[PDB]
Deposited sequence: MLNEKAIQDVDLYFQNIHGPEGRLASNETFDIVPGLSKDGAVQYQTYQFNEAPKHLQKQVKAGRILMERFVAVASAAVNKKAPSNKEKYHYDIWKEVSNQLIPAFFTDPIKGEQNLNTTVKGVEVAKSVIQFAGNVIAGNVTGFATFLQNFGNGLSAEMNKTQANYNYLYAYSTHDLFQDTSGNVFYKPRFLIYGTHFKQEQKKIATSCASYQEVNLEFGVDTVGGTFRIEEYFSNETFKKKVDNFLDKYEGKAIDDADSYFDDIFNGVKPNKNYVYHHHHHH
């Protein structure tokens, strides 16, 4: 309920004219890429849980985004990672476990046509297979992104506000479902802006980004076993509901096939 009070203060409602505005996905002041990644189809006995988990996480993402939108003193500050981090540090202790924080780095040199794969693999700590659908999404979105970032010489703020839905084998060969809520933040410096139109190129591109991270694993087990926990989740989500992230221009979802964890993945 300390989370409830935090959010009550920011906003001082399920009707579509009453739900809270979210931070616009693409702007001259920065972009927020709203995403839902599912890694592998769920086995028969987990499919219901996964479909519910995906809905829950998209709602949590829109709740965080709506708080930021309200809390930001100016349009520019809607794209300031530190405000996203402040709001997530309120959600995580309340509804999540295994909190993560701190910087990560993407320092790699790949062909333009491999950039989309590099993004997914970094976003999830995974070895991906076919990501051609996401590659088409990112390529087309890159046109809009490039247009905005090239308007001035300034750094262009760039955030991923997303969830991952992991269906991977434990050591005993049994599939588990891990739903994660993640907010990552970086920027494009002037010399990096070229990257946004390089997804069709077979030429090499240097990806050097310092990425600030915050996130946690959702208590999906307790949500389906503990009725009083299910209730605080549902009531909170109902009260502070943001506009659907699936209506944003920056939105993409997919079920990626043939995926396994990489050596950075934490079980």
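Unmodelled regions of the deposited sequence, numbered from residue 1: 1 to 7, 20 to 22, 278 to 283.
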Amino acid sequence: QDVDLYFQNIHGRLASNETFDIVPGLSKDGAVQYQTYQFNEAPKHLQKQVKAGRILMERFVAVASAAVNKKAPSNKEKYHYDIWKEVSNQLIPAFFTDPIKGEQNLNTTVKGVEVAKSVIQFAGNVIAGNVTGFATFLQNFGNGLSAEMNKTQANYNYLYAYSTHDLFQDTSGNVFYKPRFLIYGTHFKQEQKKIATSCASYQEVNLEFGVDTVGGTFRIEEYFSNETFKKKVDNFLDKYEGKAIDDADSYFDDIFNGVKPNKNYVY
From here on, numbers count along this sequence of modelled residues.
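For the pair 76 to 84 and 102 to 110, the mean B factor over Cα atoms is greater in 102 to 110. Mean C-alpha B-factor is higher over 204 to 212 than over the other stretch, the pair under comparison being 62 to 70 and 204 to 212. Per the PDB record, residue ranking by Cα B-factor puts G30 in the lowest third of the chain.
Among the modelled residues of its chain, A244 has a C-alpha B-factor that falls in the middle third according to the deposited record. Remark: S172 belongs to the highest third of its chain, ranked by C-alpha B-factor as recorded. Per the PDB record, residue ranking by Cα B-factor puts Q139 in the middle third of the chain. Ranked by Cα temperature factor within the chain, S146 sits in the middle third according to the deposited record.
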